[PDB]
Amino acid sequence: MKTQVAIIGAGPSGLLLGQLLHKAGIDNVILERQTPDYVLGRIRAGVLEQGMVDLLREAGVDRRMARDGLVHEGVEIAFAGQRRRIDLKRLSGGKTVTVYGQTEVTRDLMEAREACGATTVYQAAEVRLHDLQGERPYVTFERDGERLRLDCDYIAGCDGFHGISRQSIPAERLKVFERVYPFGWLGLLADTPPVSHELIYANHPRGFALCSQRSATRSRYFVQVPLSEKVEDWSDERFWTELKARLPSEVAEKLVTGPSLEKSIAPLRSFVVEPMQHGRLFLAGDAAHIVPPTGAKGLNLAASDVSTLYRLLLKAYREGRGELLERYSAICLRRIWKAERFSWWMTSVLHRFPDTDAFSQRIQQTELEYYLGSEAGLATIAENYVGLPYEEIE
């Protein structure tokens, strides 16, 4: 086979880049290791920046999101009994965030790609990338036992943290920056109405807790948990009791509980590689970077990498300006590092870190008191939470 852009991975990154590119007339073939059902089983993210919302609109995949997505105008941070509201809309100059599940975004995109007849190969086994520095790079994969070859101009590695694309770059051309946190989040999806119309992040002596949602009758809750915890040690009931013990009484009292639809533990990590490209191969999303979920930036960074790779490729094809693609990593890294810094700070102030001395505990408490009580402090969280502006270029 032959295509113009080969996309490895059919998660949100690959599908968005795929849709945008197709609508613009740049053929693209997506290769995905799992089946469609497997991909749709992943719960994941729930908070979308205005920027990602506008990108779904541009791919023309926003009908259901505009219908069912919920626009949030603020978030609440609870600490030491207090519950402070950050008016995102007011403090950001009118921007807001949208709650629409990643599973749903992935669904909308997959449906859109089918309807337009673009190519997607599922169960593409053993994908290998070749001649990344040549003028004619290519991908080989196995489909029902036989090895096939796809020739393309460029390759977009949208295959997540464990994807083959980042491992295909000679290790010596890359610089890795990583911090592993000593805790993870234990998450629970329940078919129950949410405890608040906005999200609640809670710093409690017992450990972090987060009250989120997917819609008016679907909730998502998280508790900080030690790295040794196994999910089978957490019955629905043990979870509910722990969530309640970490929330302020007036909130824990209104909480409608119920059996879990899904329960899973996800460790926290910060990861960035520089550069994010090598020859004809460009990494986007989780393939190039990981942020802890505290700032809801994962799916949002993937969107910005994609919006960026797309606009550069658009220039490369429609305008013949292929030299602009060298600017990908620089553009992307500026936004990435700021979101990494925001996620890191958020994680630092909301979580209970082990073996922490008295001074640092007081500093953490004072960080919250200052930032949540200063108009300038609130504006720094707010502008970062809704999402900093996407870069332009030319």
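Numbers follow the displayed sequence, beginning with 1.
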| query | finding |
| --- | --- |
| Selected stretch [higher average CA B-factor]: 109-117 or 206-214 | 109-117 |
| Which of 278-286 and 91-99 has higher mean CA B factor, as the PDB entry lists it | 91-99 |
| Among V291, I265, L227, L150 - the residue whose C-alpha B-factor is largest in the record | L227 |
| Identity of residue with top Cα B-factor, from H351, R44, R67, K338 | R67 |
| Cα B factor band for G18 (lowest, middle or highest third within the chain) | middle |
| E172 - which third its CA temperature factor falls in, relative to the rest of the chain | highest |
| Chain-relative CA temperature factor third for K297 | middle |
| CA B-factor ranking of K244, expressed as a third of its chain | middle |
| Third of the chain, ranked by Cα B-factor, where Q34 sits | highest |
